[PDB]
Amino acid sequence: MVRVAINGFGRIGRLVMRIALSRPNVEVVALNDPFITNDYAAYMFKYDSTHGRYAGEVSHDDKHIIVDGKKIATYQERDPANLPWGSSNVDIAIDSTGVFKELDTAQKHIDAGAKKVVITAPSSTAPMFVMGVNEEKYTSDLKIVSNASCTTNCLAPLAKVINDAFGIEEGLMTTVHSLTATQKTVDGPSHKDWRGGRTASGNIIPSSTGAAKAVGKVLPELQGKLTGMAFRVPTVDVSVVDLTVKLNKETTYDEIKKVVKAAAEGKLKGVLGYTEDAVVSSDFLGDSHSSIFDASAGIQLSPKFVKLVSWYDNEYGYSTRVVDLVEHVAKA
């Protein structure tokens, strides 16, 4: 229809559902989340501390949540291979659990009867696509794909614009990133990421990230030319990339602005935004762009050495791109 099902009803799953319910040609057929019951699901969907109450009627019955009359079947399988995606006629299963992110594990949705899978996270084996960057490379024989990460969606469109116009010799990126669900409210155990265990709302927390390197997977011409790191900070949503790049061709910051603005208003419209206003992170809450270039924050030291700044609602911008990729794959 395209008919979709959502696996995992966390931050991304619930917002992907909000957005999908608003797309006329997307039908949300079901959701699966083993960690929450049907009445609880309707509560989590209705109330949102970051993005406000759902603007629509939410209720539930025995086996569904109901949103403005649309019934969405719920399930609670830990193992997605046991889901009824075949008899529910699911075209695309959207996996937002962060747990079935490889070809051999996302394959479980296709085994369960879905025709294709979109993974809402970077993958080492599933081909990655970023709207505005390489979605045109998608072909219909690929049944399992990745939408990369929020940070890669922010960085890649900007990197493409800059590379096309001036050439990126190399670049180092920092993202100052809002806190996320993997973090802890007070110092607790996080054996895979020790800094990530520390009180989230009372610290600046360095973290490694593969997001800048992954740009090289969606733009092969930048393979090996980008890397970066992150600092997690106490804001609840919205993040910003700070990309320090060495350019091949001398340029002025004024020319950089005009090229980004022209791409924002042209071919990357709705993906890359542009502003000259005195913005701060909360001004992008609910913003559906992948990347909003902040022209006034950036700074140029020399004709080929510049620091560029771009904002992103890491929850809402990314969830919109997920639904965009779903619809692209369905029309292709």
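Note that residue numbering begins at 1 and tracks the sequence as displayed. In this text, rigid core is short for the largest set of C-alphas that superpose within 1.5 Å between two forms.
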Completion exercise
Between 201 to 209 and 145 to 153, the one drifting more in C-alpha RMS in 4 other deposited structures of this protein once the core is aligned is 201 to 209
Practice task
Quick one: core-superposed, which stretch strays further from the shown model in 4 other deposited structures of this protein, 132 to 140 or 80 to 88? Go by RMS C-alpha distance.
Solution key: 80 to 88
Exercise for the section: Taking only the other compared entries that model residues on either side of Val186, decide whether it is unmodelled in at least a third of them. Expected result: yes
Handout entry: Mean Cα B-factor comparison, 37 to 45 or 54 to 62, giving the higher one as deposited
Key = 54 to 62
Practice task
Could you settle it for me: does 259 to 267 or 284 to 292 have the higher average Cα B factor in the PDB entry?
Solution key: 259 to 267
Handout entry: Most elevated Cα B-factor in the entry, residues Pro122, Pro84, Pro234, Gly197
Key = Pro122
Handout entry: Identity of residue with top Cα B-factor, from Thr152, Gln223, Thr175, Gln76
Key = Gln76
Completion exercise
Chain thirds by Cα B factor, record data; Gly216 belongs to the highest
Exercise for the section: Relative to the other modelled residues of the same chain, rank the CA B-factor of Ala20 and answer lowest, middle or highest third. Expected result: middle
Practice task
Using the B-factor values recorded in the entry, state whether the Cα atom of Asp68 falls in the lowest, middle or highest third among the modelled residues of its chain.
Solution key: highest
Completion exercise
Here the Cα B-factor of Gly228, set against its chain, lands in the third termed lowest
Exercise for the section: Sorting the chain's modelled residues by C-alpha B-factor, tell me whether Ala93 ends up in the lowest, middle or highest third. Expected result: lowest
